[PDB]
Amino acid sequence: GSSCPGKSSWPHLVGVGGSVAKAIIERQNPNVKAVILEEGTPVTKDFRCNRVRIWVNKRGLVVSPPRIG
């Protein structure tokens, strides 16, 4: 698939706290939810362009994938 409606990719919210990153996904794409799980959280396999799955790396940072799937 290509880029769905709404922000298709974020800048660099990594290290900005899952909170700030989440606010960006909402203010960047009101049609996508901002999720925040630790890199490894057993979640579903299919990704939705309406859900920016942000994750946090044990390194103590927020790895927010600046690209929706």
# chains A, B, ... in the order shown; residues from 1 in each chain; ligands from 1
>>> select_by_dssp(residues="chain A", states="strand (DSSP E or B)", output="list in words")
residues 33, 34, 35, 36, 37, 38, 51, 52, 53, 54, 55, 56, 57, 61, 62 and 63 of chain A
>>> write_last_selection(atoms="N, CA and C atoms", output="mmCIF file, in the first residue's frame")
data_model
loop_
_atom_site.group_PDB
_atom_site.id
_atom_site.type_symbol
_atom_site.label_atom_id
_atom_site.label_comp_id
_atom_site.auth_asym_id
_atom_site.auth_seq_id
_atom_site.Cartn_x
_atom_site.Cartn_y
_atom_site.Cartn_z
ATOM 1 N N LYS A 33 -5.159 7.165 15.579
ATOM 2 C CA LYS A 33 -4.982 7.188 17.054
ATOM 3 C C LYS A 33 -3.500 7.067 17.403
ATOM 4 N N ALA A 34 -3.094 7.693 18.473
ATOM 5 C CA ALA A 34 -1.663 7.613 18.866
ATOM 6 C C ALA A 34 -1.477 6.516 19.911
ATOM 7 N N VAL A 35 -0.889 5.421 19.518
ATOM 8 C CA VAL A 35 -0.681 4.317 20.492
ATOM 9 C C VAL A 35 0.728 4.394 21.074
ATOM 10 N N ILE A 36 0.910 3.861 22.251
ATOM 11 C CA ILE A 36 2.260 3.907 22.871
ATOM 12 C C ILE A 36 2.557 2.583 23.574
ATOM 13 N N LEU A 37 3.315 1.734 22.937
ATOM 14 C CA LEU A 37 3.639 0.429 23.571
ATOM 15 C C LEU A 37 5.152 0.232 23.605
ATOM 16 N N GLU A 38 5.633 -0.484 24.584
ATOM 17 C CA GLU A 38 7.099 -0.708 24.665
ATOM 18 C C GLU A 38 7.527 -1.598 23.503
ATOM 19 N N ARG A 51 -3.904 4.443 12.767
ATOM 20 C CA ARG A 51 -3.378 4.173 14.127
ATOM 21 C C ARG A 51 -1.859 4.299 14.158
ATOM 22 N N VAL A 52 -1.356 5.417 14.604
ATOM 23 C CA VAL A 52 0.119 5.559 14.649
ATOM 24 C C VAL A 52 0.608 4.823 15.890
ATOM 25 N N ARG A 53 1.157 3.657 15.690
ATOM 26 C CA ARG A 53 1.652 2.867 16.846
ATOM 27 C C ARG A 53 3.013 3.374 17.316
ATOM 28 N N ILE A 54 3.014 4.160 18.356
ATOM 29 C CA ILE A 54 4.300 4.690 18.874
ATOM 30 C C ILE A 54 4.864 3.694 19.881
ATOM 31 N N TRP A 55 6.155 3.514 19.895
ATOM 32 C CA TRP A 55 6.729 2.548 20.866
ATOM 33 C C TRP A 55 7.889 3.174 21.628
ATOM 34 N N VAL A 56 8.263 2.564 22.719
ATOM 35 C CA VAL A 56 9.388 3.112 23.519
ATOM 36 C C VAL A 56 10.515 2.084 23.581
ATOM 37 N N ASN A 57 11.707 2.490 23.243
ATOM 38 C CA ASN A 57 12.838 1.529 23.287
ATOM 39 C C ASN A 57 13.410 1.458 24.702
ATOM 40 N N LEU A 61 13.643 5.695 25.645
ATOM 41 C CA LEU A 61 13.224 6.738 24.672
ATOM 42 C C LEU A 61 11.919 6.336 23.991
ATOM 43 N N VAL A 62 11.351 7.238 23.238
ATOM 44 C CA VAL A 62 10.077 6.915 22.544
ATOM 45 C C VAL A 62 10.331 6.729 21.050
ATOM 46 N N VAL A 63 10.320 5.504 20.600
ATOM 47 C CA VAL A 63 10.562 5.255 19.154
ATOM 48 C C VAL A 63 9.256 5.389 18.374
#
>>> select_by_dssp(residues="segment 5-61 of chain A", states="alpha helix (DSSP H)", output="VMD selection string")
chain A and resid 17 to 28
>>> residues_around(residues="residue 68 of chain A", least_positions_apart="6", cutoff="7 Å", atoms="only C-alpha atoms", output="PyMOL selection string")
chain A and resi 8-9+49+52
>>> closest_residue(among="A:69, A:60, A:1, A:6", to="residue 29 of chain A", atoms="only C-alpha atoms")
A:6
>>> atom_distance(atom1="atom CA of residue 3 of chain A", atom2="atom CA of residue 20 of chain A")
23.0 Å
>>> atom_distance(atom1="atom CA of residue 32 of chain A", atom2="atom CA of residue 44 of chain A")
16.3 Å
>>> atom_distance(atom1="atom CA of residue 59 of chain A", atom2="atom CA of residue 13 of chain A")
15.0 Å
>>> closest_residue(among="A:45, A:58, A:67, A:22", to="residue 7 of chain A", atoms="only C-alpha atoms")
A:67
>>> closest_residue(among="A:41, A:50, A:64, A:19", to="residue 5 of chain A", atoms="only C-alpha atoms")
A:50
>>> closest_residue(among="A:43, A:65, A:2, A:30", to="residue 14 of chain A", atoms="only C-alpha atoms")
A:65
